[PDB]
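Chains as they are written, first to last, in the deposited numbering: chain F, 0 to 194, 217 to 369; chain S, 0 to 194, 217 to 369; chain L, 0 to 194, 217 to 369; chain X, 0 to 194, 217 to 369; chain G, 0 to 194, 217 to 369. In what follows, a structure is listed as C-alpha cells, so that the remarks can point back to it.
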C-alpha cells in the first residue's frame, strides 16, 4: 500500500479498507498533508518512533474492532501481533515496536522465538498459533478444543474502554503456548509458583470520569472515613493511609488505590504527572495535592474494585513484619510490600 | 549525566535522583524514545529552544520542591539559577535561557555580572549569594542576619499553585544584592522612588477554576452589578467599565481584572488567546466574548484580590485628567493609566 | 504517481518511466530511504524547498533530454515549464518554483499571465504556445511558420554542458510571445531599445576544466602578458587590469573575464565562494588569491570567448568618462560600467 | 554504551574501544555536536535511516579490520551480522538494516531464520555458526575441518579496497550453511544448477583511479581499437560496441565494461549518475558523454579484468540468436543477454 | 539585523555590509531559501549547532579580513571574540560557541572572566583589551607601548592559508592579559615553565597540495630514504619509522610528520579519516595505506618544516629511555613521547 492510497483510505474510510484511489500528499516533519479540494490539510501527526509516512500507514491499518486492553498483553509479554496492528491511544502510537504481515517497511522477517499474539478473528490465526513456539491466541468465543482462561469483561474499542459490545457483554478467552507446548489451565490453583488464581482484574477507570461500581465504592465516595471504616469493619487495615491517603506532610502518605484519588478529587485538585504513558495495571505517578501542597515523586497507583481490595487485605493475617505478598492481577504476579502498617504496590 | 542515565532516572524516579542505570534511547526530532520492556515509548516531547537530548536532561533535573512563583523572579530580573533549574509548566520549558552548575552543555562559564537566584535549600547557596555582585537569595525561614522582605503566601509546586505545603502556610523570604551591596529593607516606605510598599501581590488564579477569596469577591460573583456597587459604595469608580466590562460595541470596554472575566464566564463564553505564555503579574490577551461577539486585541488583565483593587482606587483622589499612577505589584512598579474615567494597567 | 511507484521508477530506470511497481519507502528529514533486497538505502537527498516526498517525485520526472542552458531561460524570465520539469544540477533543485501538468501537489491551477516555456518535443506544446499570453517555445528544428531566433550551440544534458548531441551540433531555435502577440525577429538590429544583436553568448566553461576555444585564447594562456597584448594590438584596452587582474593590493583589481581566472589558476590557487549558485550569464564571486593573499568581495565574472570580448572593447571609442555600455549577452541586455580605464560587468 | 561515552570514544579513539569517559553532547537533526575544549564541533552527520544518536553509536562500533567486500555478502544475501557491524562507506551508512548483539536499540531479538554472517575473528563466531540454520562464516585462514571456498584477494579496509593487508596478500575463506546443513564445496563443477565455477570475481576499481592490471588491459588503454582487436584476435566479438562503446547516436551503444569507460575518460569526460549507491558486482548508471553529447538511461557496467571478459566471450560459440548466458561472478549467477551481436549484463 | 536583511546582504555583498534591503526567505530544516527573481534558491546550509536563521546571520557577519590561523587561538584558549565573529571553514561553522556584541540571539551578557580575543582593527578593541581580565589582542603592526610576541607569517583569509596579503608578508603581533595583568614577553627563555621559546610554528599545509618549503624538504621528496638520511647525517634519529613510516605490518609504524604522509602519497594512496575536524597544531587520524593494506587508529600527525623537526631531534641527546620532551609549537607546550627509538607527538 502506497502513501497516497493509504491517505486516500484514511480520509474516506477512517482506516485502511483496501479501496483504490489516491490523494496528493506531502510529508513535512511529523505532519502528513493531504490536498483535499485544492486545500492543504494535516491529516496525521506523527508521535511514533517510525518515519512519518510509515506511521500514517500503521495508524490507518490499526485495528478498529474491540480487543483486550493492552495492559494484559504487556503482562503476557507480547512482542508482535500476527497480521494486524494494535493502536495504543493512551500512548498515541502503535503497541508493538514491530509488525508481521502488515507493513512492508516494518515487518520482521523472523518471529520464530518472539511471543506472538494471534487474534481468532483473523483468517489463519488459529493454525498459525498452533504452529508457533511462543504465543497467545484470543477469541470472543470459548473454544472447547483449546485450554483457555477467560479475561475480564471489558475491551479497548478505538481507545474507549467498554464493558459491552453491541450492547452485549464483552467476552475474551485466552490460550497460551510457551516453548512449543500448550499451557494447560485448570479451574483451581495459582497461575504462577512461589517467587493468584488469575481472577483479579483492574477496573480501567479514569480519574476524570471515575464512577463507583458497587455499593461499597458508593459508600466510600459518600460517607466520611470514620463512617465507612466501621460499616465494613476495616479496623486494623489502615485505610486512612493506604486508601484515603494523608496530606498533612510534605510527602503524601499512602494513596495507592485509584478510588482513593477519586475521593480526594472531590474536595482537592490532584495533579498527576506520568512519565511512561501507556495502559498498565499499576501506574507510577508524581502526585501533587493542591489544597495541602503535599506531594510524592513515585506514587504507585492501581485501580482495583474496592470490594476486591478489601478481600485481599482480609486474606492477609498481617502478623508478620516486612512481608512481600504476591497478588496476581491482570494475569500477572505483582509484589505488594506489606509492613504491618502499610500495603503498597511495588514498582515492577 | 548521560542521556541513557537521565532517561533511566526520568522513567524510574520521575526526575534525576543520581541513581545508576541505563535505558536504550532514541532521539527523533523533539521526541525522546525509550525502549521499555522491548517496547518503544515517547517519554519526552521537546518544546524548548534546546537540543532534544539536552532538554530532557534539564526537565529531569527540574526542581520538584515548592518555590516562589516565577512571575516574581521575572519581576526581579533573574538571569540564571545557581545550581538548580526551574521548570516553567505554563511555558512548558525551563525558566532561564541558561544554567549554572547544572548541565555541562548549557552551563555558563561566567555569571559574575548576571542576576543570580540562590535558593537557601541548596548547600552553599548562602555563601555563594554573599559573594555575588547581583542576586536574590530565598529561604523558607526568616534569617535574622540578613535584611529580607517576605513574599506572598503561595508557591509553584510542580506547576501547581498552592497556598500551603504539607498543609502548612507557604512562607518565602527574599534577600537581594545589587552591585556588590545588600539591599536594606525597612518596614515602611516605597520599594522604588518616583518614576508601592511591595505588599500588593497578584492572586494567581486561573479562569477555568476561579474561586472568590473574600466576602466581597463572593458578592461580586453573586449579586447584580447595581447591588454590588451600592453595597460597597463604589459610586464614582466606574466599575461597570474597568471591572465588569462592557460588551455592547465591537471593541470590549474595560475588563482589566481577572475576577471580572470570571464573572462574565458565568453567562458568556470568553475565549482567550495569549501570545507570550508564561507566569506574569499582568497578562496581555486577545479576548473574544461569545454572546455579544465583541472583542479586543490587547486587553491587559491582572488578578488582584478585589478587596485590594478597591483600596487602590479609593486611595486615588481622581480629580486629575491623564494620570499615570504607579502601583507596586509582586515586587515591581507597574504603571496604571488613569483617565478620570478609566483605570487600566498599561503594557510594560 | 505515488511515492512507492516514483521510487520504484527512480531505482530501476533512473527517472520516471510510467512503469508499474513499488518499493517500500521511508521519508526521514530530507532523506528518502528505499528497502532494496531487505536492505535500507538512501536514494534521494532533498536540497529543494519542497517537501521531501514531493522533491523526489520532481527529480524523478526531471527532463533527461538535452535543452538550452538554464541561464537563457532566466534571462527570458521563464516562470514555469509547460508539462515538463527542468532540473538545475548546479542548484541541485528544480529550475522553476512551480510546475504545470507535472505534479499534483505542486501544479499551479492558473498560469495565464505567467511566462511559460513550451518545448516543441512535448505533444501539444506548439498549440499550447500559440494560445498563451506570454511564453517561449523552443525546438531543435527551425520552423518556417514561426518567427524564431537561434540560440548558441550548446545544451544542458543531465547537467553536462555539451556542444554536440549524438555527435551532431546542438541546435535550438527560440520563438517568443508577449501580451498575446508574437515577437517578430529580423536579421538585423538590436533586440532591445536604448535603456545588442542578440548574437553574443557566454561559453559555459568551468574553472576546473577551462579549455581555450580559439588561437587567441590559446595564446592568452601560453604567452606572457606583454607578448599577448602586442600580438593582438590591445594597447589602450587595459587588459592588465580587466582581464589579467592585479594582485598587488589588498583588493584584487579587475579580473572580470573567466579565462583570466583560468590563467591565474596556472600559477596561483584561486578560491571562489558563490552565494547564489545556479547557471547565470554573469557570476558574482567572493574571490581569494592564494599566492598574493589579495581578495575582492563582489567580483563579477563573465565567460566570454576572448575573441568576442576584444571585439566588444574595440567597438568602443573610449573617449568618454563614466560610460555605461549595454551589451546583449545570452538574449539579455547587461550594462557594463566603462570608465576610460576599466570595463567591468555590473551587478544586475 | 551511552551517547556521551560513545562520542568520547569516537573523539579519542576513532571508534568504540570500550574505554570510560564522557563528552557533553547535543543532537540536532542529523548532527551530533560535542563540546570539546568549551567549543562546539560536529563529530557526526547522520545519513542513515536510524535515529541520529543511534547512528553515531553504530558508526563508532563499525568494524575497522579488513573484511570481504560488501558486494559479496549482498550476493550471498546476508541479513545481519553476528556481534559486529559493517560500515558501507560508499553508502555512507551501515550495511545491514538490523544488528545482533551490538546495539541495544537496534538489536533483533530473533535471527533464527535470517542469513547470518559470522566472522571467525570474533570469539564464539564458529560455534554460533555451526548452530545456525542459515549463515556464512569467514576466516582469514583455511580451516581443514570445514568445507570452504576462497574469495578473491581483495578486502574492504575502512572503505579502502586493498589487495594486501600488512603488505601480505589478502586471504578470505568462506563456509556456508542453509536450512541446517553445511554446503559442501568441491574443486570442480558450477556453484548453481541451470536457471559458473565461482572463480570469476570483479576487480573493484574506481573510474577516477582506474589502473590496468594486465598487459592486455595496458594495451587496451594505449593501442588504437583496430590495433588492439587484431593483436588479440577479437574479430567477431564486437568489442567496438560492447567494450569500446559507440558515441555517434543520441543513445550510447554498448559500454558495459568498466575499463571501457576508463578508456573513454582519456579523451572525453563521462559523467555518471547512480541511484542505488552501494558496493555491487554490476552497476546501473545514467551515463552522459561530454564530447559527443550522447547518453543512456540504464547502462549496466561491470568491472571484470579484460582478460577474464575475453575468456568468457571466447567460450561462447555465438551461433545462437537471443541467448541468455549465465555467468557466476562474485559467487552469484548473473544472466548476460547475448544477441549474436551484443553481450550485455542484464539488470538483476 | 533581520533575517530578510541578512539574506539580502549575503546575496548582494557576500557578507553583512549593513546595507538596507530585503529578500523574501524561507527556513526549512538547515536550509535558508531566498526568492530571487521569482525563483527559490538555497543560499545557506546550516552545519552549525545554532538555529538555522541564527546561523546564516553569523555566517554573513563572518570576518572577511585576514587573521591568525584558528589553531593559535585554540592554543591560547580563546573563549569568545570581541565585536566580531570568526568563521572556521574547515569546521564549516563559527569558531567560538558564543558571541559578544555581534548577534542579539547569541551574544553573552557577561564575559568578564572569559578569555577574550580583541582585534586591533576593530574600533575600541585596544581600550576594551586593556580593561579586560583575560584576553589576547592582535594587531598587524607592532605596538611599542605593549609587550608583544610575533606570530608566524601566515594567515587565514576566507579559509585560505596565505603567506602574503596584498602581496606583502603577513604580520601579526600578539599581546596577552591574564588575571588583570599584562604578560611580559622578553627576547629569550621559554614561554612556559617545566611541566620552548615560542618560535616553532606549524606549516599549515594540506596533503592534497603539499609543497616542499626548503631544499631539505625538496630532497626528502625526491631522494631515496637511504640517500636522504646520509646527506643530512640523520643516522641514529630513526627517520625510517617516525618520518617515513613503515607499512609492513597490520599497524602502520611511525608516520607522525605531515611531509612523510606527503611522500607516501607519491606512490601509495593514503586515506585519512578525521573525527574532530577543525584547524589544530596536532591532528589525530585513522590512517589507511592502500598499497600495503596497513593502518593505524590514532595516528598523531604534525606539519613541521622538516628543517625544524631535525633541529628538534638533534637537540635531544637521546640517551634516556621513556622521555617526555616538551616542545612549544604555535605558542603551546605539547609533550612528545620519546623512547630511545621513537619520537611521536602525544594526544593532548
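Cβ coordinates follow ideal geometry from the N, Cα and C atoms, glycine included.
Count the other CB atoms, across all protein chains shown, that sit within 10 Å of the CB of residue 105 of chain S; report buried if there are 16 or more and exposed otherwise.
For the purposes of this step, residue 105 of chain S is identified with residue 106 of the second chain, where counting begins at 1. The residue in question, residue 105 of chain S, is buried, as its Cβ has 16 or more Cβ neighbours within 10 Å.
Tell me the DSSP bridge mates of residue 61 of chain L?
By one-based count along the third chain, residue 61 of chain L stands at place 62. Its beta-bridge partners are L:84.
Check the Cβ of residue 281 of chain L against every Cβ in chain G and list those closer than 8 Å, keeping chain order.
Taking the first residue of the third chain as position 1, residue 281 of chain L is located at position 260. Residues of chain G passing the Cβ test: none, with the nearest at roughly 17 Å.
From the DSSP output, which residues share a beta bridge with residue 156 of chain F?
Taking the first chain and counting its residues from 1, the one referred to as residue 156 of chain F is at position 157. In the DSSP output, where bridge partners are listed per residue, residue 156 of chain F has F:159.
Work out the CA separation of residue 30 of chain X and residue 53 of chain S for me, nearest whole Å.
Sequence index remark: in the second chain, residue 53 of chain S carries index 54 (1-based). Sequence index remark: in the fourth chain, residue 30 of chain X carries index 31 (1-based). Rounded to the nearest angstrom, the two C-alpha atoms are 14 Å apart.
Are the C-beta atoms of residue 109 of chain S and some chain G residue less than 8 Å apart?
Taking the second chain and counting its residues from 1, the one referred to as residue 109 of chain S is at position 110. It does; some Cβ of chain G falls within 8 Å.
Based on the DSSP secondary-structure assignment, which residues constitute the bridge partners of residue 358 of chain X?
Indexing the fourth chain from 1 puts residue 358 of chain X at position 337. Note: residue 358 of chain X sits in a beta bridge opposite X:365.
What are the boundary residues of the beta strand (DSSP E) that includes residue 307 of chain F?
Within the first chain, the letter at position 286 stands for residue 307 of chain F. Looking at the DSSP string, the run of the beta strand (DSSP E) that includes residue 307 of chain F is 303–310.
With burial defined as no fewer than 16 other Cβ atoms inside 10 Å of the residue's Cβ, what is the status of residue 192 of chain L: buried or exposed?
In the third chain, counting from the first residue as 1, residue 192 of chain L sits at position 193. The residue in question, residue 192 of chain L, is exposed, as its Cβ has fewer than 16 Cβ neighbours within 10 Å.
Would you verify that the beta carbon of residue 57 of chain G is, or is not, closer than 8 Å to some beta carbon of chain S?
As a position in the fifth chain, residue 57 of chain G is number 58, starting the count at 1. False, the Cβ-Cβ gap to chain S never drops below 8 Å.
Can you look up residue 316 of chain G in the DSSP assignment and give me helix, strand or coil?
As a working note, residue 316 of chain G is residue 295 in the fifth chain. Correct three-state label for residue 316 of chain G: strand.
Answer yes or no: do residue 107 of chain F and residue 135 of chain F have a C-beta to C-beta separation smaller than 8 Å?
For the purposes of this step, residue 107 of chain F is taken as the residue at position 108 of the first chain. For the purposes of this step, residue 135 of chain F is taken as the residue at position 136 of the first chain. No, the pair does not count as a contact, with Cβ atoms beyond the cut-off.
How many Å lie between residue 321 of chain X and residue 305 of chain X at the Cα?
Translated into positions along the fourth chain, residue 321 of chain X becomes position 300. Translated into positions along the fourth chain, residue 305 of chain X becomes position 284. Whole-angstrom Cα-Cα distance: 4 Å.
Assign residue 281 of chain F to one of three DSSP states: helix, strand, or coil.
The count along the first chain starts at 1 and reaches residue 281 of chain F at position 260. Of the three classes helix, strand and coil, the one that applies to residue 281 of chain F here is helix, per DSSP.
Specify, as a first and last residue, the run of the alpha helix (DSSP H) that residue 91 of chain X falls within.
Position 92 of the fourth chain, counting from 1, holds the residue named residue 91 of chain X. Unbroken run through residue 91 of chain X: none, as it is neither H nor E.
Using a cut-off of 8 Å between C-beta atoms, extract the partners of residue 104 of chain X located in chain C.
Absent here is chain C; the protein component of the structure consists of chains F, S, L, X and G.
Is residue 14 of chain G close to chain L? Criterion is C-beta to C-beta, closer than 8 Å.
Here the question's residue 14 of chain G lines up with position 15 in the fifth chain. With 8 Å as the cut-off, residue 14 of chain G counts as an interface residue toward chain L.
How many Å lie between residue 310 of chain S and residue 221 of chain F at the Cα?
Start at 1 with the first residue of the second chain, and residue 310 of chain S comes out as number 289. Start at 1 with the first residue of the first chain, and residue 221 of chain F comes out as number 200. The straight-line gap from Cα to Cα measures roughly 51 Å.
With 8 Å as the C-beta to C-beta threshold (strictly closer), list the residues of the stretch 74–105 of chain X near chain F in chain order.
Hits within the stretch, in order: 78.
Can you tell me the Cα-Cα spacing of residue 329 of chain G and residue 161 of chain G, whole angstroms?
Working through the fifth chain from its first residue, we reach residue 329 of chain G at position 308. Working through the fifth chain from its first residue, we reach residue 161 of chain G at position 162. One C-alpha to the other measures close to 20 Å.
Find out if the Cβ-Cβ distance for the pair residue 307 of chain F, residue 13 of chain S is shorter than 8 Å.
Mapped onto the first chain, residue 307 of chain F falls at position 286. Mapped onto the second chain, residue 13 of chain S falls at position 14. Taking 8 Å as the Cβ cut-off, residue 307 of chain F and residue 13 of chain S qualify as a contacting pair.
Is residue 9 of chain S close to chain X, meaning its C-beta is less than 8 Å from at least one C-beta of that chain?
Residue numbering aside, residue 9 of chain S sits at position 10 when the second chain is read from its first letter. No, no contact with chain X.
Would you grab the beta carbon distance between residue 146 of chain X and residue 184 of chain X for me? Rounded to a whole angstrom, and I think it's under 8 Å.
For this step, residue 146 of chain X is matched to residue 147 along the fourth chain. For this step, residue 184 of chain X is matched to residue 185 along the fourth chain. Between residue 184 of chain X and residue 146 of chain X the Cβ distance is about 5 Å, and since that is below 8 Å, they are a contact.
Let's see if you can read the secondary structure: which residues bound the alpha helix (DSSP H) around residue 73 of chain S?
In the second chain, residue 73 of chain S corresponds to position 74, counting from 1. Run containing residue 73 of chain S: 69–74, per the alpha helix (DSSP H) assignment.
List, in order along the chain, the chain G residues whose C-beta lies closer than 7 Å to that of residue 113 of chain S?
Residue mapping note: residue 113 of chain S aligns to position 114 of the second chain, counting from 1. Correct list: 108, 109.
Determine the chain S residues that contact residue 269 of chain F at a beta-carbon separation under 8 Å, and present them in chain order.
Your numbering for residue 269 of chain F matches position 248 in the first chain. Here the neighbours are 165, 166.
Step through the CB atoms of chain S and report whether any lies within less than 8 Å of the CB of residue 311 of chain F.
Within the first chain, the letter at position 290 stands for residue 311 of chain F. Judged by the 8 Å Cβ criterion, residue 311 of chain F is in contact with chain S.
Would you check if the distance between the CB atom of residue 190 of chain S and the CB atom of residue 179 of chain S is smaller than 8 Å?
Numbered from 1 along the second chain, position 191 holds the residue referred to as residue 190 of chain S. Numbered from 1 along the second chain, position 180 holds the residue referred to as residue 179 of chain S. No, the pair does not count as a contact, with Cβ atoms beyond the cut-off.
Where does residue 39 of chain X sit, in a helix, a strand or coil, going by DSSP?
Indexing the fourth chain from 1 puts residue 39 of chain X at position 40. Looking at residue 39 of chain X - three-state DSSP - the assignment turns out to be strand.
Taking DSSP as the reference, what is the three-state secondary structure of residue 77 of chain L?
Along the third chain, read from residue 1 onward, the residue named residue 77 of chain L stands at position 78. Three-state result, residue 77 of chain L: coil.
Between the Cα of residue 351 of chain L and the Cα atoms of L:144, L:132, L:173, which residue gives the shortest distance?
If you number the third chain from 1, residue 351 of chain L lands on position 330. Out of L:144, L:132, L:173, L:173 has the C-alpha closest to the C-alpha of residue 351 of chain L.
I need the straight-line Cα distance from residue 22 of chain L to residue 260 of chain L, nearest angstrom please.
By one-based count along the third chain, residue 22 of chain L stands at place 23. By one-based count along the third chain, residue 260 of chain L stands at place 239. Cα-Cα distance, rounded: 59 Å.
Quick check on DSSP: helix, strand or coil for residue 44 of chain X?
For the purposes of this step, residue 44 of chain X is identified with residue 45 of the fourth chain, where counting begins at 1. Residue 44 of chain X falls in the strand class under three-state DSSP.
Quick check: the Cα distance between residue 168 of chain L and residue 323 of chain L, rounded to an integer number of angstroms?
Translated into positions along the third chain, residue 168 of chain L becomes position 169. Translated into positions along the third chain, residue 323 of chain L becomes position 302. Residue 168 of chain L and residue 323 of chain L: Cα-Cα distance of roughly 24 Å.
CA-CA distance, residue 313 of chain G and residue 163 of chain X?
Here residue 313 of chain G refers to the residue found at position 292 when the fifth chain is read from its first residue. Here residue 163 of chain X refers to the residue found at position 164 when the fourth chain is read from its first residue. Near 5 Å, if we compare the C-alpha coordinates of residue 163 of chain X and residue 313 of chain G.
From the beta carbon of residue 50 of chain S, is the nearest beta carbon of chain X less than 8 Å away?
Within the second chain, numbered from 1, the residue matching residue 50 of chain S stands at position 51. It does; some Cβ of chain X falls within 8 Å.
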